[PDB]
Number of protein chains: 2
Amino acid sequence: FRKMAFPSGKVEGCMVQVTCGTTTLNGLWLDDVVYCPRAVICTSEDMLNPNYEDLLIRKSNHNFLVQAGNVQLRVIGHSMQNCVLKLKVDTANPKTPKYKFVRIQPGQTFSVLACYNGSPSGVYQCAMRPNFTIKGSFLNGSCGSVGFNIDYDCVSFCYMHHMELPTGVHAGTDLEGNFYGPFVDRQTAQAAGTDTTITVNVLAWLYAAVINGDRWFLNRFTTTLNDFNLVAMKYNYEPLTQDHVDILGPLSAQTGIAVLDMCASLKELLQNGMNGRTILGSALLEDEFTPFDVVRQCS
Amino acid sequence: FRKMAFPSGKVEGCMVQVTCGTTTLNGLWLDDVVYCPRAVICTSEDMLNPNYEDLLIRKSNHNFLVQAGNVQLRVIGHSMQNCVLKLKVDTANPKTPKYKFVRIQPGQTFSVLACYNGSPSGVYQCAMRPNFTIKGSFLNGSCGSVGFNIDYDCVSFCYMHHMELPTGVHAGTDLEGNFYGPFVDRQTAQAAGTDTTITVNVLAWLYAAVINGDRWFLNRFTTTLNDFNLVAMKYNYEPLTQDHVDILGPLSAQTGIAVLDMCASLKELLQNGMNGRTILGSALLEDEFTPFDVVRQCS
């Protein structure tokens, strides 16, 4: 039961360094476009109350230094899309993989290739919390690192790191520059909402327990989806959506245990204790394995 | 504070598929040699009691099918070094990185690139247990996957996966073909020695907890090295050497907490337990981060 990241090679060849003035961060080089956080055009003084439209007007193509390692790529156009800058460069990246941009839902997991100054440093797996933050490990110069999933031959880019919040959590955007959650890219007072437990992922973990023969928690009861959702909220668990019920389908089929029967088992675990017993060796429930993460064990 | 794996791109470009008869597994292609576990020449019947010298003399070059994606490599020659087969091929790998073969010690960590049929599937960080096994995620066909660290420009290969033990833990060799631990590449029931907890790594992880604002376990007391070691061995923890104390120095310096002071906190956790409290979100004492791993992620 390890947290497995996707192999990073396809993303490593797309990482570059973007500098404006003295501010350097990471960018993503796909075909002849470099994507990076628009905060790169800010001085430390600008960040307090930036006017990005104004700041960008006073920038030319020749104010941007884009580097692949030590090699400069000339910028031949620039535009702003929401909170990301798009820099058109003179060279199409020969390492561009098949890719697509995806906006994920809270609870989904992805790998993050943590980079400093365009140089890949490490890969880890994380989940998007329901309060749209990530409990992760990339402060200090990691702005612009991206999160991704690999869907056969295709890299789905889903996250671009922008900043750290006061409580140590990280916030960012999708690759269209739209923030996940109610945050803005300025050094102002910002707080995330209260974190909740990702119910669909706890269910995926209970199915994984059953698949491996750990099944003491199954009970003889069932529940309705509405009954379960109203009880879940009293324990700071996320309510289930119809999409969550659908993505648990393969695990329900594999084990023969209906989704709502498993909800009834979890509900009893929430009201009573776990009676000192473990599940998959753990006294705590895990909520950062998705249904798809779990099926990466049967295959 | 997550488990961070090394970027896998330099190793992904070296993975190939190797087939002999009906047996297919993963190989590592560096320069003009493919390294893979010698068990690839065995049938199901051979693995009961393989005489590897005899089996190899009975094979010819064309009995070996090597595939790098869709390109088939021609085998020129073949030789055995301990438990690894070295297949010479007529083409060098142009994506060969700067590399070294190293034998690691228990307690040290590395990244594993899990592959199936020569295709990279996931990357994760693990530790070599004191009993020379690794607790990992290896399904059928994962044989021949490698473990590695990266030192700037250099990939240090330290592990090649060979077999799963009846308890689910994994066993393998270095890249010279010598097993880690008292295991043999034969299909017979094999147990490992008793495992122990890697004390210096637990201490590193407690420093990480402190760095990250998790301090409930600290106390004002101190202990001596020998008095700590007496308690450690009682609880199946590795004893602490003076070398271990030196390696923890940078963490001691950054937190203002002397090593023997932290040892006194660990001793209390060993004796009283954690009593339903968590550290860095975990209910168990984590021992698969080295002091270097913690320093790398906390500076």
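We use all heavy atoms of the structure for the numbers below, so side chains are in, but hydrogens, waters and symmetry mates are not. Below, chain A is the first sequence line, B the second, and so on; all start at residue 1.
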Main-chain N/O of B:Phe1 paired to A:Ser137 side chain as donor or acceptor, under 3.5 Å: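 No; judged by distance alone, with no hydrogens or angles, the pair does not exist.
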
Min side-chain heavy-atom separation A:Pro7-B:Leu113 under 4.5 Å: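 Of all side-chain heavy-atom pairs linking B:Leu113 with A:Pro7, at least one is under 4.5 Å.
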
Crowding at [atom1], [X] (>12 non-hydrogen neighbours, <6.0 Å):
| X | atom1 | value |
| --- | --- | --- |
| A:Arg277 | CZ | yes |
| B:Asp153 | CG | yes |
| A:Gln187 | CD | no |
| B:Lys10 | NZ | no |

For chain B, the option from A:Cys126, A:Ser299, A:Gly136 that forms the most heavy-atom pairs under 4.5 Å: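 Most heavy-atom pairs under 4.5 Å with chain B: A:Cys126.
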
Nearest heavy atoms of B:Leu139 and A:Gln297, plus distance in Å: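 For B:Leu139 and A:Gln297, the tightest heavy-atom pair comes out as CD2-O, 3.4 Å.
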
Minimum heavy-atom distance between B:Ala283 and A:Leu284, given as atom pair plus value: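 Between these two residues, the closest heavy atoms are CB-CD1, 4.1 Å.
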
Value rounded to 0.5 Å, distance of CZ in A:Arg2 from NZ in B:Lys135: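 One finds 8.5 Å between CZ of A:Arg2 and NZ of B:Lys135.
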
Distance in Å, A:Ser121 OG paired with B:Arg296 CZ, rounded so as to fall on 0.5 Å steps: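 The CZ atom of B:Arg296 is 7.5 Å from OG of A:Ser121, to the nearest 0.5 Å.
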
Region of B:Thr278 in contact with chain A, defined by heavy-atom distances below 4.5 Å: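 For B:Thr278, the contact with chain A is made by the side chain alone.
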
A:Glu288 portion near chain B, given a 4.5 angstrom heavy-atom threshold: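 Just the side chain, heavy atoms under 4.5 Å.
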
